[PDB]
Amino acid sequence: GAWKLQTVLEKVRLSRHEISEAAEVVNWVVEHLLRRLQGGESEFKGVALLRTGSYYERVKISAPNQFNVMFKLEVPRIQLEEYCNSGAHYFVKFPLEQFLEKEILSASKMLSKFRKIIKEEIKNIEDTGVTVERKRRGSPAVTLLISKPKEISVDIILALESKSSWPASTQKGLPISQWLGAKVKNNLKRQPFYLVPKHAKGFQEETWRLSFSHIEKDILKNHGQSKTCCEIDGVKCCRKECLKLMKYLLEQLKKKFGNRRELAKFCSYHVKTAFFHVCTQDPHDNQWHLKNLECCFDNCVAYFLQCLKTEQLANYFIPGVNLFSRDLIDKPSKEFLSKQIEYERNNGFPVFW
């Protein structure tokens, strides 16, 4: 018996006018920005643009509130070392060396000039509407802010792409084999991984973090175990729809419940990483048939619940890293969310309404 969630999907879906209004300005800022950066004999003249994040993978919710974009530099002969046997972070050992310090590139050193350039470049158009948000320490992305027409943010991430084989941390991860098959799985691994300037502790300046944003986007585009899943000549799965609700449930919790100390740590990547685990858990399209929507979402929420209690949410690409690890997040934070979702699951999801 319908919750009914389908209405919830309808509420969530972006305005066609909304996107077009938002869309055209975003590319315009990025395309111009890209063009000017390429022209200048900066190190970043070589930059190529990669579009990633929710909107582009098409799981954006309510409104085009935010955009994520990646600027990738192809870097050759790269060598790298793990900071402290942490799957996410490495420093790249090593020809433009201005940013480099001590034969190892400094993200902080490298990022700072990049952010500096954008700020300089943004100043040219210098609309009151367009500005660069103040740096947040431990943030690797320069953030554009557009006050026209409405408040919206675009995240620019500097990207170093390596044609090298994926790091050892990766290999156990990404078990799409049952779901998507070895051929597909093997092909994904062949595509290059990316490096971004995030640092684990509490301080660090020259470490980097791996990004598989391009890979995640790819699998989201092609979730189906069948080639035709969600195609015109194929049955429609509800996987993407399941994801939106999950994204929506959490976001509604922060806002509607109201922000709390425990709530802040949790972010949309956790649901997305969690959702993938379920897809691995359940690799058949028949299981995800649209008419079967209601159970799956429940199945989706249940898994998330288990994770919080278990406190184990291994990174999809890196099994070793636990997103839900206590050092990453304290227990009381888990409990509270757990209960609220717990409350939510039993009560028929009023928060959506």
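Residue indices: 1-based, along the sequence shown.
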Residue 95 preceded by how many uncoordinated deposited residues after residue 94: 4 to 9
Missing from the model but present in the deposited sequence, between residue 183 and residue 184: none
231-239 versus 98-106 - which carries the larger mean C-alpha B factor in the record: 98-106
Greater mean Cα temperature factor according to the PDB record, 256-264 or 208-216: 256-264
Peak C-alpha temperature factor (PDB record), options 281, 222, 177, 86: 86
Out of 153, 273, 128, 162, highest CA B-factor residue: 128
Third of the chain, ranked by Cα B-factor, where residue 59 sits: lowest
Assigned third (lowest, middle, highest) for the C-alpha B factor of residue 114: middle
Residue 327 - which third its CA temperature factor falls in, relative to the rest of the chain: highest
Chain third (lowest, middle, highest) by recorded CA B-factor, residue given as residue 250: middle
Among modelled residues of the same chain, the CA temperature factor third for residue 285: lowest
